[PDB]
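Next comes just one chain, in structure tokens: the form deposited in one PDB entry.
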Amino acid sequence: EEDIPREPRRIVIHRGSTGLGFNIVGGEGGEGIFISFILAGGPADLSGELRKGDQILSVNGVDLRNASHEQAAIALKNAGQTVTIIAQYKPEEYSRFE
């Protein structure tokens, strides 16, 4: 994680037979949408850029900063084959909630 920056970053993922290759938690109370799980060999893993503890801020221009979990899952499912994710790495906040 030496190369993950503090600020939001852009990551392009291509959907496959196991979706985008990650699952999400949060979207409630003080907790935004966080990646909780990255599937080995799936797209997010292959890319090598996303991490457990990333907050998802936007998906293809759909703002998820204040989305509920279901709003985020719908946005992710409907974002098409090529998906641009704006993510911000917040491992301490992730651990606080999860």
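Rigid core (definition): largest C-alpha set, two forms, superposition within 1.5 Å. All residue numbers refer to positions in the sequence shown, first residue = 1. Residues that one form lacks are left out of the comparison.
- Looking at 25-33 and 46-54 together, the entry lists the larger mean B-factor for 46-54, computed on C-alpha atoms.
- According to the PDB record, 89-97 carries the higher mean C-alpha B-factor of the two stretches 4-12 and 89-97.
- Placement of the Cα temperature factor of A73 within the chain: lowest third of the modelled residues, per the deposited record.
The form deposited in another entry exists for this protein as well; it is not shown, and the discussion that follows is about that form.
- For the set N60, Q71, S47, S36, a Cα shift of at least 2 angstroms between the shown form and the other one, after rigid core superposition, holds for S47 and for no other residue.
- The pair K77 and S47 is looser in the other entry: their Cα-Cα distance rises by no less than 3 Å compared with this form.
- Note: the CA-CA distance for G29 and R65 contracts in the other entry relative to this form, by 3 angstroms or more.
- Listed in sequence order, the runs of 3 or more residues present in both forms whose C-alphas shift by at least 2 angstroms between the shown form and the other one, with the core superposed, are 27-31, 46-48, 96-98.
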